[PDB]
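# Structural description and commentary
Each chain is listed here by its residues.
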Amino acid sequence: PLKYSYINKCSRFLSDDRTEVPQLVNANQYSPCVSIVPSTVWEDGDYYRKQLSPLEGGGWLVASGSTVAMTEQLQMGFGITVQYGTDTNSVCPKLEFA
Amino acid sequence: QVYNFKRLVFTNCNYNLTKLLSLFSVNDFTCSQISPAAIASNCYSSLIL
Amino acid sequence: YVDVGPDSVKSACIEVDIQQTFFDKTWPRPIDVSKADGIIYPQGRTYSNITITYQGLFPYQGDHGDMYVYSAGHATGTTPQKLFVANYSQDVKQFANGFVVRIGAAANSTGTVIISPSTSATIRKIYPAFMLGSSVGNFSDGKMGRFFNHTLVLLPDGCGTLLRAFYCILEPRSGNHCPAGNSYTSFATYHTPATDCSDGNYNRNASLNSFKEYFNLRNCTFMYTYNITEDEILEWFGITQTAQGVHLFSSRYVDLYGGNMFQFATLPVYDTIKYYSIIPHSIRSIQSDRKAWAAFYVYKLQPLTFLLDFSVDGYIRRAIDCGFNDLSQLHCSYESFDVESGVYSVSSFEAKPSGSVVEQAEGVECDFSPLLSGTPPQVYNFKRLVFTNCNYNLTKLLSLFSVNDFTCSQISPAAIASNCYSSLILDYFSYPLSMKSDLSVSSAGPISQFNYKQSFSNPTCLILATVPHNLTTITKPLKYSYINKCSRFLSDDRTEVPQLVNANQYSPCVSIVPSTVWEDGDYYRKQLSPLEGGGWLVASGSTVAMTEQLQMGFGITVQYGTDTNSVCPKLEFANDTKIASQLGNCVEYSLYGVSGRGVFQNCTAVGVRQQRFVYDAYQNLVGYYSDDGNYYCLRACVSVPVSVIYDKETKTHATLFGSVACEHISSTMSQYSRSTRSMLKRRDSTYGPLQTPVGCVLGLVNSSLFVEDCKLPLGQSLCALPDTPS
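Method-wise, the PDB entry is recorded as coming from cryo-EM, at a reported resolution of 4.7 Å.

Right, dumping it as structure tokens:
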């Protein structure tokens, strides 16, 4: 990536301009703020906003982010989860039945 | 980017995770609610990466 | 991306006429839970003929569903005309943990054409089409239901034997009657039986082609197809979504007759669905050849629990929605479909919520009264009042003057009045309207340059106004005045450095200038001490004639606290219902941060007065002293016990509300104890409440009979006879 990037804020402004509602990310779901945030954050501390639709009651989507410098070898990570079941257990380690 | 994740849902297939481990140098490996050995050896309805 | 094949060539589409009033039919279809209607089979397990409790998503038993009817497009003579369709494209719904549907329920029967219903055509099964996704909004013509980014599409193709699923980005067409065009009405799709569905060659792309005429396929990430065979027998279908992705369920693949649903398929898409709609469709057949279609139904899933009556072959044959009625609760408590006869307690009515009552300290007050008397200072000499921790009404303050200039910086002028802040600061001065062009934080004029400036680190505002003829305590300067020069001569007596006024501060030159400027163009000089580096202060001013009413100006700035916003525009029930007390109701209350729900009633006072909260030994509030000086007593609220009487021999039941008495009893209740009480109403629609010595009851009847043993005694001398045996 040009820079490693992340969202360090995600909240929505109340339509009356006095309070703001935080939006912590839900387990196993993209944060709602991803719809306004760019594929990379162009500069550290950049922030973006989108007006909420009338179906949402108005107010503004708000998000901000930060970046980390690129490195000689790519750094990456993984998340792993599994799902238990009975007759749906079609995924297995490779097996030998000899 | 951390808010842009790719997901791979696996069903019906066979695996050998040590082949993947040979491809990278791991600087942090820790399991939760399961031993790291067992998660490699357990059969599942799905595997999600 | 997916090889979907080519986009349709013409940009043009058939017009879609909305004829929705023809579709106003009423054919409700409640779930027969005892037939196991709509039950999705449990995951990964099967069972013997033992009954089990279960938890999962299910339709509510009493839901009659949502009905939709597909219909033929208009046609005349031997050819097609513009489509006449239902307004179903506008029905955006919030997705809510899936749904299930019925297909073909009215099959092998007759009905009407609907759009031309006088023909009374027979009706046949037709498969539904749908669209799902994470966002919705207006079409460029303001039309309802456009979806954004990628969306799910489920579309039957050609005949019902082919079904396809898609995940793609739709793209609008600019042709006549199409989504980017401005002649667009509403989206629809169609099938044309004259060439589609040939008996030797079913048209596998028929539905797709009519779909493509309104939207170009773009960036399509998934496509699937499935094989179906015809059968007029009713089928069930539904959808759920999990962290493992979307899943499809149907009765067709496994249980054609029993209707049990199994997971037919799954999808790789795990993107959350926030919205749901049904896609409208129409038949393009010849007018004489039009065919009426069977009604289509939809029901919504909920996190309910049920008894399930498995057969020895593992098909669920019967079920009990535990929350549907009190009797169903009784069955669930014993895990059975035949509870032994008796009298049994069931859960109490909750009573009900009522509007809130709150008492808190009031009368913040905002030191603003200095603005209304004496002579206001000249604009370079402006007077400041700082406000923290206090209550205000800026619009009331500004109704004391006629405002001729209402502007603000970095805040709308309405918002600064209604917004709460950590502080509120107001500067005021006399100011002629002749100088109003020079009053802005951005102005090139001498007022912004030397007399008054405001910081750009905080929201700030500027107001010009004039005094009403009834504010006789306000007095005016002989002339309005301002400083039009402020600089310091450098100590070498040739170089000079201008001194623009500092934001939120008096200009340094104000120290040499007189409290008013006596004449236009007056100027003064002050020698500076060697500690200043020498030089001379230099300043001058200008004037405007006095006027019949004082002209005034104001500057306002605020600081918004991160969590310190203690100044707010609180009002003492202005424009409100005056809820400081009720006499009363179980309406939730707050008393100086103490809270609960309960009933209040004026009663004698107990000591110690002015300790506010009277409590019992268990710290339950007993009552409260109000700021009107009256004690009010609090008894919280009470609930109504409920019990039932069940006679399994006659399969009948009745109920008792106990001690509540029939003054609070009616055929339905607002409180409420169960999702419905209508099972009682099945017979109690015919009878008013009856008081008994134990309590008010429903369906009991006064026979005045004397019987030794009812097998259902109610205690006391009360008894409960069964109706006569079969």
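## Topic: the overall build of chain C
Per the secondary structure count, chain C includes six helices and 46 strands. In summary, chain C has a C-alpha radius of gyration of 39 Å against a globular reference of 27 Å for 726 residues, an excess of more than 25%. Expressed along its principal axes, the backbone C-alpha trace of chain C runs to roughly 115 × 85 × 50 Å. Pairs at least 24 residues apart make up 72% of the contacts formed inside chain C by residues separated by at least 6 positions. With an accessible surface of roughly 36,800 Å², chain C has 51% of that area assigned to carbon and sulfur atoms. Distance from the positive charge centre (52 side chains) to the negative charge centre (60 side chains) of chain C: 3 Å.

## What about the state of the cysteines?
Residues and elements named next belong to chain C. On inspection of all chains with the given rule, the structure shows 13 disulfides over all chains. Between the sulfur atoms of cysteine 13 and its disulfide partner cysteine 178 the distance amounts to 2.1 Å. Linking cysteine 13 and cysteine 178, the disulfide has an S-S dihedral of approximately 130° and is accordingly described as right-handed. Of this pair, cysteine 13 sits in the segment before β1 (16–18) while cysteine 178 sits in the loop between β16 (162–172) and β17 (189–191), placing them 165 residues apart in sequence.

## Overview of the nonpolar core
For soluble globular proteins, the rule of thumb is that nonpolar side chains tend to be buried together. All names here are of chain C. Counting residues in hydrophobic clusters, the biggest one holds 81 residues, and the most contacted among them are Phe99, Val101, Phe130, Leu132, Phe211 and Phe296. Sorting elements by how many residues they give to this core places β16 first, with six residues. Apart from residues no more than four positions distant in its own chain, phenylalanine 211 is found in contact with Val153, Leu155, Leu170, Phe187, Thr189 and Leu217. Listed in part, the 55 residues of the second largest apolar core include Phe368, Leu394, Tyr480 and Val517.

## Here we look at the pairing of strand β15 (residues 151–156) of chain C
All names here are of chain C. Within β15, six of the six residues are buried, which leaves it mostly tucked inside the rest of the structure. The two faces of β15 match: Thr151, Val153 and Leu155 on one face and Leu152, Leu154 and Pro156 on the other face are all buried. Here four bridges tie strand β12 (residues 129–133) to β15, and the two strands are oriented antiparallel to one another. Bridging across to β15, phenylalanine 130 finds its partner in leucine 154. Looking at chain direction, β15 and β16 are connected through six bridges and run antiparallel. Bridge pairing links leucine 152 to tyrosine 167 in β16. Connecting β15 to the next strand, β16, in antiparallel fashion are five residues, including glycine 158 with a positive phi near 65°.

## A look at the interface of chain A and chain B
Across the boundary between the two partners, chain A contributes 31 residues, which contact 26 residues of chain B. Across the chain A/chain B interface, buried area totals approximately 2,300 Å², and carbon plus sulfur atoms make up 59% of it. Here chain A and chain B share 15 residue pairs in polar contact between them. Breaking the side of chain A that touches chain B down by element, the ones donating at least two residues are β1 (4–13), β5 (81–83) and β6 (92–93) of chain A. Considering every element that reaches the side of chain A that touches chain B, the biggest residue donor is β1 of chain A, with four residues.

## So, the sheet that holds strand β2 (residues 20–22) of chain A
Residue and element names in this part refer to chain A. Overall, antiparallel pairing links the four strands, which are arranged β2-β1-β4-β3 in an open sheet. On the outer flanks of this sheet lie β2 and β3 (47–51), each paired with one strand and no other. Each adjacent strand pair in this sheet contributes to an overall mean axis angle of 30°, direction not counted. By the bridge criterion, five bridges tie β3 to strand β4 (residues 60–68) in an arrangement that is antiparallel. In the strand pairing of β4, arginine 49 is matched with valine 62.

## With respect to the packing of aromatic side chains
All names here are of chain C. Enumeration over the complete set of coordinates arrives at 39 aromatic pairs over all chains. Seen in terms of ring centroids, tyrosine 68 and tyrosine 88 are 5.0 Å apart; in terms of plane orientation they differ by 85°. Their pairing is edge-to-face. Residue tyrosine 68 is found in strand β3 (residues 66–68), and its partner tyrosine 88 is found in the loop between β7 (83–85) and β8 (93–94); the two are separated by 20 residues along the sequence. Ring plane angle 55° and centroid distance 5.9 Å describe the contact between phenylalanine 99 and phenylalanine 130, whose orientation is recorded as tilted. Pair noted here: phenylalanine 99 is in strand β9 (residues 99–103) and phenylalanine 130 is in strand β12, with a separation of 31 residues, a long-range link. A relative accessible area of 2% means that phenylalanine 130 is categorised as buried.

## Observations concerning the pairing of strand β38 (residues 588–591) of chain C
Residues and elements named next belong to chain C. Every second residue of β38 is oriented toward a common face, the buried set being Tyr589 and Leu591 and the non-buried set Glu588 and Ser590. As judged from the three bridges shared by strand β28 (residues 357–359) and β38, these two strands associate in the parallel manner. Pairing of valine 357 across the sheet is with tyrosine 589, part of β38. Bridge count between β38 and strand β39 (residues 594–597): four bridges; the pairing is antiparallel. Residue pairing for β39: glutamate 588 is matched across the bridge by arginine 597. Linking two consecutive strands that pair antiparallel, namely β38 and β39, is a turn of two residues; a positive phi of about 55° is found at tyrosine 592 within it.

## Considerations on the side chain of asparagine 458 of chain C
Residues and elements named next belong to chain C. Structurally, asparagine 458 can be placed in the loop between α5 (446–451) and β32 (460–466). Of the polar contacts made by the side chain of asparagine 458, one reaches the side chain of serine 457; its length is 2.8 Å. In terms of polar contacts, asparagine 458 uses its side chain to reach the side chain of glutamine 559, at 2.8 Å. Dropping the residues within four chain positions of it, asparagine 458 is found in contact with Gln410, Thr557, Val558 and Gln559.

## Concerning the pattern of salt bridges
Residue and element names in this part refer to chain A. Evaluated as defined, the whole model comprises 20 salt bridges over all chains. Measuring nitrogen to oxygen at the nearest pair gives 3.0 Å for the salt bridge that ties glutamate 20 to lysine 9. Pair noted here: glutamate 20 is in strand β2 and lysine 9 is in strand β1, with a separation of 11 residues, a long-range link. On the basis of relative accessible area, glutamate 20 is assigned to the partly exposed category, the value being 28%.

## Some remarks on the side chain of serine 328 of chain C
Along the chain, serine 328 of chain C turns up in helix α2 (residues 326–333). What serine 328 of chain C contacts, discounting residues up to four positions off in sequence, is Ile320, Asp321, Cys322 and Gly323 of chain C.

## Things to note about the sheet that holds β5 of chain A
The sheet built from three strands is open, its strands ordered β5(A)-β3(B)-β1(B) with antiparallel pairing. In this open sheet, the two edge strands, each paired with only one partner strand, are β5 of chain A together with β1 (9–10) of chain B. Pairing geometry for β1 of chain B and strand β3 (residues 46–48) of chain B, over two bridges, is antiparallel. Looking across to β3 of chain B, one finds that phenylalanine 10 of chain B is bridged to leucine 47 of chain B.

Each value, and the rule that gives it
- Residues numbered from 1 in each chain as written, not as in the entry; some residues may be left out.
- Chains lettered and ligands numbered in written order.
- Part of a larger assembly, values for the part shown.
- Heavy atoms only, no water.
- Helix = DSSP H or I, 4+ residues; strand = E, 2+ residues; numbered from the N terminus.
- Rg over C-alpha atoms; globule rule 2.2 N^0.38 Å.
- Contact = heavy atoms within 4.5 Å.
- Areas by Shrake-Rupley, 256 points an atom, 1.4 Å probe, with all protein chains shown as cover.
- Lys, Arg positive; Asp, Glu negative; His and termini not counted.
- Charge placed at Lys NZ, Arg CZ, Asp CG, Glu CD.
- Disulfide = S-S within 2.5 Å.
- Core = buried A, V, L, I, M, F, W, Y, C linked by side-chain atoms within 4.5 Å.
- Buried < 20%, exposed > 50% of the residue type's maximum accessible area, 1.4 Å probe, protein only.
- Pairing = 2+ DSSP bridges.
- Buried area = accessible area lost by both parts, 1.4 Å probe.
- Polar contact = N/O pair within 3.5 Å; in protein donor to acceptor, adjacent residues only side chain to side chain.
- Axes fitted to C-alpha atoms, helices over the stretch in contact; angles between N-to-C directions.
- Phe/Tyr/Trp six-rings, centres within 6.5 Å; stacked < 30°, edge-to-face > 60°.
- Salt bridge = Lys/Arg side-chain N within 4 Å of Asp/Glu carboxyl O.

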